[PDB]
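Mapped onto the authors' numbering, the consecutive letters of the sequence shown carry residue numbers 317 to 339, 399 to 600, 604 to 635.
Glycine included, C-beta positions come from ideal geometry on N, C-alpha and C.
Inspection log for the structure reproduced underneath, given as structure tokens.
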Amino acid sequence: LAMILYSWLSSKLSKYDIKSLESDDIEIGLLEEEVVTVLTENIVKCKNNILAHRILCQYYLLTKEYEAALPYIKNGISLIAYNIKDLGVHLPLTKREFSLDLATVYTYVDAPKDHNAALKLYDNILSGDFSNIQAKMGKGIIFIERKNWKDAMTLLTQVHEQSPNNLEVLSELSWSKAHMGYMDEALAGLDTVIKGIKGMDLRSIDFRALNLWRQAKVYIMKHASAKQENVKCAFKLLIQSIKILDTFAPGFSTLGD
Numbered sequence: 317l318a319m320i321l322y323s324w325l326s327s328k329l330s331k332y333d334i335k336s337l338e339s399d400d401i402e403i404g405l406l407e408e409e410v411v412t413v414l415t416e417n418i419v420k421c422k423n424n425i426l427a428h429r430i431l432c433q434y435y436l437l438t439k440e441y442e443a444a445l446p447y448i449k450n451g452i453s454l455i456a457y458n459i460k461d462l463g464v465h466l467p468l469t470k471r472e473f474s475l476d477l478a479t480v481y482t483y484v485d486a487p488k489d490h491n492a493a494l495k496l497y498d499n500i501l502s503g504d505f506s507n508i509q510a511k512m513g514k515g516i517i518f519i520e521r522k523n524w525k526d527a528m529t530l531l532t533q534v535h536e537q538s539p540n541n542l543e544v545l546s547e548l549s550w551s552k553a554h555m556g557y558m559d560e561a562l563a564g565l566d567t568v569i570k571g572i573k574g575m576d577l578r579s580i581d582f583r584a585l586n587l588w589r590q591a592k593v594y595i596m597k598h599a600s604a605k606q607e608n609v610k611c612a613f614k615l616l617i618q619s620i621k622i623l624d625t626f627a628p629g630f631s632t633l634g635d
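Quick look at the structure:
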């Protein structure tokens, strides 16, 4: 457990200052790819430990490896319910976090399947916090999925007001705004949302393409309401999308539309 917690404290995701904490010029350091391996090796030795599970789940979720998180969370909750029965220990905040994590996994894992449960869960924990962003963004995405924009917008605005740092929310909001009928703001929001990414990561490119495609869709929604021009702009954005991703069907579909 020591090794696990220290490993996390040393981790890049972690908000702690490892240099200050202990206070060709290659720093005698712990490799990030070693953090995870430490976690994995040592949690197997710490199995039946609550904290280790929590922390591992957090790490895996922070890296968008949701599929890996689900079992560690599921098991994690089991510990809490088992640990309370004999020891009589209570850790409410932890349980609430775990459940939250489960909700997110249910939100992303397979697209629409476990959303309905995620919602019940989000509400279940939201009842306490009310202000919570991570949950409202969840509900947001769920509602964006369910073509239920009137709520998606209102939630997404409130979570966006907390963090213009995050582009996912800004894009999802812009989308929720476009579908609502404030198309210009959406179109503009996406434009920031495209440049702001500035990544070539495998997970970044398709997202650039995604927003590129979204902008186009909205650009057609602009054509919904005599001008012949903007559709042509949509065509350009799509062409870009197809050009960048090369495996991006919706680009070809829309460009086909």
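Exposure label - residue i; buried when at least 16 CB within 10 Å
{"i": "residue 419", "result": "exposed"}
{"i": "residue 539", "result": "exposed"}
{"i": "residue 332", "result": "exposed"}
{"i": "residue 323", "result": "buried"}
{"i": "residue 512", "result": "buried"}
{"i": "residue 438", "result": "exposed"}
{"i": "residue 462", "result": "exposed"}
{"i": "residue 478", "result": "buried"}
{"i": "residue 599", "result": "exposed"}
{"i": "residue 542", "result": "buried"}
{"i": "residue 564", "result": "buried"}
{"i": "residue 604", "result": "exposed"}
Same chain only: Cβ atoms within 6 Å of residue i, ignoring 5 sequence neighbours per side
{"i": "residue 421", "result": "317, 427"}
{"i": "residue 595", "result": "612"}
{"i": "residue 585", "result": "none"}
{"i": "residue 480", "result": "441, 444, 445"}
{"i": "residue 326", "result": "334, 405"}
Residue range of the alpha helix (DSSP H) that includes residue i
{"i": "residue 630", "result": "627–634"}
{"i": "residue 323", "result": "318–326"}
{"i": "residue 478", "result": "467–483"}
{"i": "residue 402", "result": "From DSSP, residue 402 is part of no alpha helix (DSSP H); its letter is neither H nor E."}
{"i": "residue 499", "result": "490–504"}
{"i": "residue 507", "result": "Element bounds for residue 507: n/a, residue is neither H nor E."}
{"i": "residue 457", "result": "441–462"}
{"i": "residue 608", "result": "608–623"}
{"i": "residue 436", "result": "425–437"}
{"i": "residue 336", "result": "334–338"}
Contacting residues, own chain, Cβ-Cβ under 8 Å from residue i (five flanking each side not counted)
{"i": "residue 484", "result": "441, 442, 445"}
{"i": "residue 429", "result": "451, 469, 472, 473"}
{"i": "residue 588", "result": "615, 616, 619, 626, 628, 629, 632"}
{"i": "residue 555", "result": "524, 525, 528"}
{"i": "residue 504", "result": "510"}
{"i": "residue 455", "result": "425, 466, 469, 470, 473"}
{"i": "residue 569", "result": "583, 586, 587, 590"}
Nearest residue (CA-CA) to residue i, options the options
{"i": "residue 582", "options": "614, 628, 554", "result": "628"}
{"i": "residue 404", "options": "416, 328, 414", "result": "328"}
{"i": "residue 686", "options": "434, 334, 423, 339", "result": "The first residue shown for the chain is 317 and the last is 635, placing residue 686 beyond what the model contains."}
{"i": "residue 475", "options": "330, 453, 448, 461", "result": "448"}
{"i": "residue 623", "options": "465, 593, 575", "result": "575"}
{"i": "residue 486", "options": "423, 541, 579, 519", "result": "519"}
{"i": "residue 562", "options": "591, 604, 454", "result": "591"}
{"i": "residue 407", "options": "458, 522, 320, 400", "result": "320"}
{"i": "residue 330", "options": "499, 580, 431, 607", "result": "431"}
Own chain partners of residue i with C-beta closer than 7 Å, once the 5 adjacent residues on each side are dropped
{"i": "residue 516", "result": "482, 547"}
{"i": "residue 514", "result": "494, 497, 530"}
{"i": "residue 501", "result": "507, 510"}
{"i": "residue 551", "result": "519, 524, 527, 528, 531"}
Within-7 Å CB hit, residue i to chain C
{"i": "residue 552", "result": "The displayed structure is made up of one protein chain only, and chain C is not part of it."}
Along the chain, which unbroken stretches of the alpha helix (DSSP H) at least 4 residues long are found entirely within the segment 512–590? Counting whole runs of 4 or more residues, the segment 512–590 contains the alpha helix (DSSP H) stretches 524–535, 542–553, 558–570.
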